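Chains as they are written, first to last, in full-length UniProt numbering: chain A, 2 to 268; chain B, 458 to 678.
Working notes, structure below.
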Ligand SMILES: Nc1ncnc2c1ncn2[C@@H]1O[C@H](COP(=O)(O)OP(=O)(O)OP(=O)(O)O)[C@@H](O)[C@H]1O
Ligand SMILES: [Mg+2]
């Protein structure tokens, strides 16, 4: 697709606002030492207090709580910019960095029983116990192939959940050359990331007496794979989104709602 | 319309009470006292509750204790036949109607149902229990709760309810040793406990004793 965007006032202004938020030169901020600690520890994500952001810039906090995905993208872009600024060498290792959230969310502090469609597409906080966990599985991101017949190597890029909706043109594994010469997959050069799924239930101590419990399903990405175990009391902060069903003609009109974690805390 | 007039005319008769007493259980010989008691049990009384503080029931419970062969079950069968709303159950096991409420998928209709016990189903009716001693712990607990509080509480499968159990209880039983002992009290002769016995207004004892004339008449019938 050759379509590109030239100007966008909102996105550029939000990126500038986050750039000013994470400067910490004329202020008593600490995020600079946090970034230096991340570089020292080879980790690739940051946790930022929501109350701190609201104190410094209330409008940005309101927009981020009300709208998650675009603001999170702007955060990640700003992190990439400042990591490049402080030490451009370290930013080469990882594609993109991530943002965690922390602080008192207030009204959005929501129990698994009180999660509703009113909080869709926003960042929510939930307290619960872990009941089901699944095995860690790798997922392909970048694929590399070699052709012994013509001595040529090719690479294909994959982006499935990066974009909201995917199409059959993507997510196709190449196996043959343009002249039907067989290709040999080379697993060393490819790129994979880990994936896990967990389930969280409202704690029996908090649930009303005599009533059945209610649960939420969470997806854990590459960094947060081993941070949870069954039978554990945790607090999860993350986005609440709908799940796109696969292609079909007739739809009943009922989506599946899945919480995508950004921060997992052992209370 | 004319039936009401006939009822009033029968009431005008001075010996209607004895007629009603003798009208119960045509097929059972003897036990006139039991029939007289069952008359009051069927007709019943009147509940009284000054304000919402002091509830007093009007249902007259009946307990029968008898040696084998005295035809205790025939009385319950007759009462079920006569009563407009009467439920029958047995404590031995495999009863068609249970004595405890539970939530289950019905085997036939394949639907998720709340099946209340026989006590709940007999609202303003009669509940009959056969083999009263053979009941297990759960049945005894449910009967005690329904007789003393006149309500049944359910907490199962996310369902919390209280249901009304305004019913009259009639029960039959056998002594501990298989034969009644005149030298021991009623409580010592029966497997039941004193709190359960205290609930019943009328207790009847049917003791088998060899009377040649009575045996001859019973055999003739
Ligand atoms: N006075 C009576 N008139 C008519 N039939 C009688 C009389 N006494 C006993 N019987 C008969 O005796 C038999 C005994 O069976 P029945 O079920 O009536 O006994 P039961 O008293 O309930 O005994 P159990 O203690 O074993 O439960 C019945 O067939 C019943 O018809
Ligand atoms: Mg019997």
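C-beta: ideal position from N, C-alpha, C; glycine also.
Given that residue 212(A) touches chain B, what residues does it touch there, using C-beta distances under 8 Å? Neighbours of residue 212(A) in chain B, taken as residues whose beta carbon is under 8 Å from its own, are 615 in chain order.
Close Cβ partners of residue 40(A) (< 7 Å) along its chain, the five nearest in sequence each way excluded: Answer for residue 40(A): 88, 91, listed in chain order.
Establish whether the CB of residue 612(B) and some CB of chain A are separated by less than 9 Å. Yes, residue 612(B) counts as interfacial toward chain A.
Nearest to residue 69(A) by CA position, among 130(A), 267(A), 260(A), is which residue? Of the listed residues, the one whose Cα sits closest to residue 69(A) is 260(A).
Cβ-based neighbour list, residue 577(B), same chain, cut-off 7 Å, excluding 5 preceding and 5 following: Setting aside the 5 residues that flank it on each side, residue 577(B) is surrounded in the same chain by 558, 609, 620, 622, each with a C-beta closer than 7 Å to its C-beta; the list follows chain order.
Can you give the Cα-Cα distance for residue 711(B) and residue 486(B), rounded to whole angstroms? As shown, chain B starts at 458 and ends at 678. That puts residue 711(B) outside it, with no answer to give.
What are the boundary residues of the beta strand (DSSP E) that residue 258(A) is part of? Under the DSSP assignment, residue 258(A) falls in the beta strand (DSSP E) whose first and last residues are 257-267.
Across which residues does DSSP place residue 560(B) in a beta bridge pair? Paired residues: 571(B).
Buried or exposed: residue 587(B), going by 16 or more other Cβ atoms within 10 Å of its Cβ? So residue 587(B) counts as buried.
Sorry if obvious, but does the Cβ on residue 614(B) come closer than 8 Å to a heavy atom of ligand 2? In this structure, ligand 2 has no non-hydrogen atom nearer than 8 Å to the beta-carbon of residue 614(B).
Alpha-carbon to alpha-carbon, residue 215(A) and residue 114(A): Annotation: residue 114(A) to residue 215(A) spans about 6 Å, alpha carbon to alpha carbon.
Is it true that the segment 139-146 of chain A meets the segment 182-201 of chain A, where meeting means three or more beta-carbon pairs spaced less than 8 Å apart? The answer is yes - the segment 182-201 of chain A touches the segment 139-146 of chain A, with three or more Cβ pairs under 8 Å.
Indicate the three-state DSSP secondary structure (helix, strand or coil) for residue 462(B) in the structure shown. Helix.
Smallest Cα separation from residue 627(B): which of 506(B), 643(B), 658(B)? Nearest C-alpha to residue 627(B): 658(B).
When the Cα atoms are used, what is the spatial distance from residue 500(B) to residue 592(B)? Cα-Cα distance, rounded: 28 Å.
Could you pull the DSSP bridge partners for residue 618(B) from this structure? Per DSSP, 611(B).
Counting pairs of beta carbons, one from the segment 553-570 of chain B and one from the segment 593-613 of chain B, are three or more of them closer than 8 Å? Yes, since at least three Cβ pairs between the segment 553-570 of chain B and the segment 593-613 of chain B fall closer than 8 Å, the two stretches touch.
Between residue 459(B) and residue 526(B), what straight-line distance do the alpha-carbon atoms span, to the nearest angstrom? The straight-line gap from Cα to Cα measures roughly 43 Å.
At least 3 beta-carbon pairs within less than 8 Å: the segment 153-162 of chain A vs the segment 118-130 of chain A: The segment 153-162 of chain A makes no contact with the segment 118-130 of chain A; the number of CB pairs closer than 8 Å stays below 3.
Those residues which DSSP pairs with residue 236(A) across a bridge: According to DSSP, which records beta bridges pairwise, residue 236(A) is partnered with 128(A), 266(A).
Helix, strand or coil for residue 220(A)? Go by DSSP, reduced to three states. Note: residue 220(A) maps to strand in three-state DSSP.
Any heavy atom of ligand 2 within a distance shorter than 8 Å of the CB on residue 530(B)? Indeed, a heavy atom of ligand 2 lies less than 8 Å from the Cβ.
Considering only DSSP beta bridges, list what residue 156(A) is partnered with. Answer is 145(A), bridged to residue 156(A).
Residue 50(A) in three-state terms, based on DSSP: DSSP places residue 50(A) in strand when its eight states are reduced to three.
Have a look at 111(A), 135(A), 74(A), 134(A) and flag the residue whose alpha-carbon is nearest the alpha-carbon of residue 163(A). For residue 163(A), the closest of 111(A), 135(A), 74(A), 134(A) by C-alpha to C-alpha distance is 74(A).
From which residue to which residue does the beta strand (DSSP E) around residue 601(B) run? Per DSSP, residue 601(B) belongs to no beta strand (DSSP E); it is in the alpha helix (DSSP H), 594-605.
Going along the chain, which unbroken runs of the beta strand (DSSP E) with 3 or more residues stay wholly within the segment 492-535 of chain B? Counting only runs of 3 or more, we get 519-523.
Taking 9 Å as the cut-off, decide whether the C-beta atoms of residue 246(A) and residue 234(A) are in contact. Residue 234(A) is positioned such that its CB atom lies no closer than 9 Å to that of residue 246(A).
What is the rounded straight-line gap between the Cα of residue 517(B) and the Cα of residue 134(A)? Inter-residue distance for residue 517(B) and residue 134(A) is about 60 Å (C-alpha atoms, whole angstroms).
Going by C-alpha distance, which of 546(B), 519(B), 648(B), 535(B) is nearest residue 590(B)? For the set 546(B), 519(B), 648(B), 535(B), the Cα lying nearest the Cα of residue 590(B) is the one of 648(B).
Cutoff 7 Å; reference residue 76(A); Cβ partners in own chain excluding five residues on either side: Only 19, 100 meet the Cβ criterion.
In this structure, what does DSSP give as the bridge partners for residue 183(A)? The partner list for residue 183(A) (beta bridge, DSSP) reads 177(A).
From which residue to which residue does the alpha helix (DSSP H) around residue 201(A) run? Not the alpha helix (DSSP H): residue 201(A) falls in the beta strand (DSSP E), residues 192-202.
Which parts of the segment 43-118 of chain A are runs of the beta strand (DSSP E), unbroken and 3 residues or longer, counting only runs that do not cross its ends? Qualifying beta strand (DSSP E) stretches, in chain order: 46-50, 99-103.
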